[PDB]
């Protein structure tokens, strides 16, 4: 049983999600005036806080909570170490609503105890193509297309409760208060991901990893040495050779994205993202924010030929604290962000990603099997990992889709 999730406008079982045919809301329609204006009650030793995302010391405070208390692997060997710069970037996109950043502090000393963050996203989330087809056969086209237009909704990330405060039901309260603040801005849907199984995902995808620095990955035990590499003399030289990469990209006309590329990148990205059932819609400003390079945070390259941007790729950095080793403090991981190819095969574009990530000192490259990420797995030597990223809507009935019909990257 789910004492909290059973009370919420989400599908409640796998069975329920498989019978859904049309996209649409679940809840009673409400209005801003229906929503309580006062924050949800919490115990008297705690207070609600709205962090200022431009205050270095507020960012710092959130940074520390997440450094010590955020997502770990199942064997507690790694914990995410999102940087302060990464957090300002993720939390403060264009037109972000400060009130959507929800923190609980200890009233006495103002120690931060819990955090949840919401940012705006414009998302296509209408009935998926296959169901739309089936609806025409059945005569229900107008029903299937009712919510086809991109919607301005909330993207929830960064939910974290301090380890000292776990299992005290503080997360339900955080989610209720975030929901209140979002509803009071006339927004009624949300999208979120989790590694855990909650009621109920509309999509699920496995994680994939590409060793860039296998000696380190083996030392820290992210990776194992293959059983077949044992029947060799010095297996470490063999593993290194297996994963080796050119020192420089193979596409002539690859360079870093610059501000003037914004319109062309937006155009080729939107064309590509348009073919997926679930995907974001970006303005020029959002393309600038989410894709222009920032030191230590986001790395973006375009292929330009004849003065035309024909392809691009992006990746971003999230180091993980290595909990148990001594020789190493950090895993430096690059994550496949957005991309688009028109002039070359995807596998050839993404090799350049690997090449750049490797020469800049990253240890591994990570991705979930959304977009067309599967198309390059075998040739670029990515392996499936333990992780499964699940995708969820709050207050939105949506049929079950393959992860290759998802075009939304979560930070």
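Positions refer to the first chain, counted from 1. Whichever C-alpha set is largest while still superposing within 1.5 Å between the two forms counts as the rigid core.
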**Fill in**
Quick note, superposing on core in 9 other deposited structures of this protein and taking C-alpha RMS, the more shifted stretch of 257-265 and 319-327 is 319-327
**Request:** May I ask which stretch, 217-225 or 201-209, sits farther from the shown form in 9 other deposited structures of this protein once every structure is superposed on the core, judging by RMS CA distance?
**Result:** 217-225
**Asked** Given the B-factors recorded for C-alpha atoms, which segment has the greater mean, 350-358 or 23-31?
**Response** 23-31
**Complete:** Higher of the two mean Cα B-factors (240-248, 184-192; per PDB record) comes from 240-248
**Item:** Maximum C-alpha temperature factor, selected from 334, 144, 297, 212
**Value:** 144
**Fill in**
In this crystal structure's PDB entry, the residue among 307, 152, 176, 162 with the greatest CA B factor is 307
**Message:** Sorting by Cα B-factor within the chain, modelled residues only, which third would residue 379 end up in: lowest, middle or highest?
**Reply:** middle
**Prompt:** Which third of the chain holds residue 46 when residues are ordered by C-alpha B factor: lowest, middle or highest?
**Reply:** highest
**Request:** Tell me, lowest, middle or highest third: where does the Cα B factor of residue 121 rank within its chain?
**Result:** lowest
**Message:** By the recorded C-alpha temperature factor, relative to the other modelled residues in its chain, which third is residue 232 in?
**Reply:** highest
**Prompt:** Compared with the other modelled residues in the chain, in which third is the CA B-factor of residue 408?
**Reply:** lowest
